[PDB]
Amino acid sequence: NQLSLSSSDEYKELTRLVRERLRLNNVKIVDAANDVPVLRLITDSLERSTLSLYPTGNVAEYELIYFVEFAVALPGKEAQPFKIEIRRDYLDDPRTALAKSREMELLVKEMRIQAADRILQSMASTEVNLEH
């Protein structure tokens, strides 16, 4: 079908993953029509904290949490706010600070993918409900 796409950062990685999947599902993004359902991407942040430390005092386990908020407005009901939280824990390698960044960034790309699918799957779920 079709839908209106709105993002607070049209250049964001997450806004691009949604786009890709909207295309793979033969869904055209109409020009923000009225009677057409809208998907609004509000924000997405990333958080990285220390989970546990080694007897030395230096980080052993990190916890990453990707947060994302979006909103769906189906024709016939007021927009609805949705939040997604993805938690991922991992062990800190002894490698360099740079090798740590390379690693973390890799897991983030995977989290954004999970987020992207959840958004669409989540939106489809609210669609099959308004049918009542």
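Numbering starts at 1 and runs along the sequence shown.
Highest mean C-alpha temperature factor of the two stretches 101 to 109 and 85 to 93, which is it?
Between 85 to 93 and 101 to 109, it is 101 to 109.
Return whichever of 113 to 121 and 18 to 26 has the greater mean Cα B factor according to the PDB record.
Averaging CA B-factors over each stretch, the winner is 18 to 26.
Looking at 33, 73, 51, 68, which has the biggest Cα B factor in the entry?
Top of the list by C-alpha B-factor: 33.
Within this chain, which third does the Cα B-factor at residue 58 fall in: lowest, middle or highest?
CA B-factor rank for residue 58: highest third.
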